[PDB]
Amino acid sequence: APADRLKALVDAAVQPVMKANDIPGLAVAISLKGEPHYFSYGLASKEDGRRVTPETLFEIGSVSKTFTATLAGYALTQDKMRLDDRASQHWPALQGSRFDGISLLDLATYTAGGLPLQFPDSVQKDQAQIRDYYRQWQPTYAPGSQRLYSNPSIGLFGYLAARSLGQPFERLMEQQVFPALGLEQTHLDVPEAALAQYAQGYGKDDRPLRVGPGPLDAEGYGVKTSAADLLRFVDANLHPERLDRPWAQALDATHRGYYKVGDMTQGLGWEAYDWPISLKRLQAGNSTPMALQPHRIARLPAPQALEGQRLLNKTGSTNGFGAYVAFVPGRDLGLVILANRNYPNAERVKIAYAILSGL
């Protein structure tokens, strides 16, 4: 039986990785041939016995950047900004700073010249502190040359895209983006009425960990969502034509590659690979040196469509959570894996590869 085989395949991929990484709870959602399939494992909260379901809310961390990218794709379809705009076009406080010579594309794709992984601990979630950080920042190397994965970089991209639309980022997400995408279980600021769905996150010694405030957190890493809503988002990415045209175009803008580093082609939010490709290679593209070290880019002569025989993915983590999303445009296949422990990206990719190989 097909439901027995699919359950066996997903269980075989998930169960050992959960044990091995001591993951309390994990939700899988798969889109296959136009149909959704959900597999829920373990506990959302150990202390109260609450089980994971497809409606449990997880922190997705940097997977949030794919939503940020979608907002920016909406601003672009509306002609409120262009990728080649200088960042300081969209924020007068930045005029006269080094952001006069940095494009929005450079910010979105981590090539502004060495913006760091995180804001320094000296910058708190405070508009003035953020402003002053960017005013004073100077590149380590020429913009457009080297990829250094960076929350302040894409954070500023999303902040400027929201400025270009004339409204705060978080308001635009709640009022316009999430409703356009059909997402009612997707939040930047979880409502009190939805808190009972919010899983606990677990760290060292099972310390409980839910993400706290930080500068440009919404734009970099602040979405909480369920496996079912995140799979709805993947299905919108698999079929943008099913949305009203401005939002189809906003999604398409996230399916354009600008350069390569190793096996990976960098889009807005999404990172792409040829498919098939080995597990080792997909793990290496999602490895610690990719998150932490600069890499010289191989720029494409024109943007490349991230479609067909490709896998598009994004990892994300918070202190307490570990998420992974992947889909294969040319096969109508999508997958979401959400967990309440931050466990290594290689292990997330191991689960996903086993599932996608078996589908």
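In this text, residue numbers run from 1 along the sequence as written.
Checked against the record, the higher mean CA B factor of 177-185 and 200-208 lies with 200-208.
The stretch 289-297 shows the higher mean C-alpha B-factor when 289-297 is compared against 25-33 in the entry. Highest CA B-factor among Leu311, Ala323, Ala69, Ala302, as stated in the entry: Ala302.
Among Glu271, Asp229, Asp235, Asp85, the highest C-alpha B-factor recorded in the PDB entry belongs to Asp85.
In the deposited entry, the Cα temperature factor of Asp252 places it in the middle third of its chain's modelled residues. Ranked within its chain, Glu59 lands in the lowest third, by CA B factor from the PDB record. When the modelled residues of the chain are ordered by C-alpha B-factor, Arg348 sits in the lowest third.
Annotation for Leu115: CA B-factor lies in the middle third of the chain's modelled residues. When the CA B factors of the chain's modelled residues are split into thirds, the value for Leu9 lands in the highest one.
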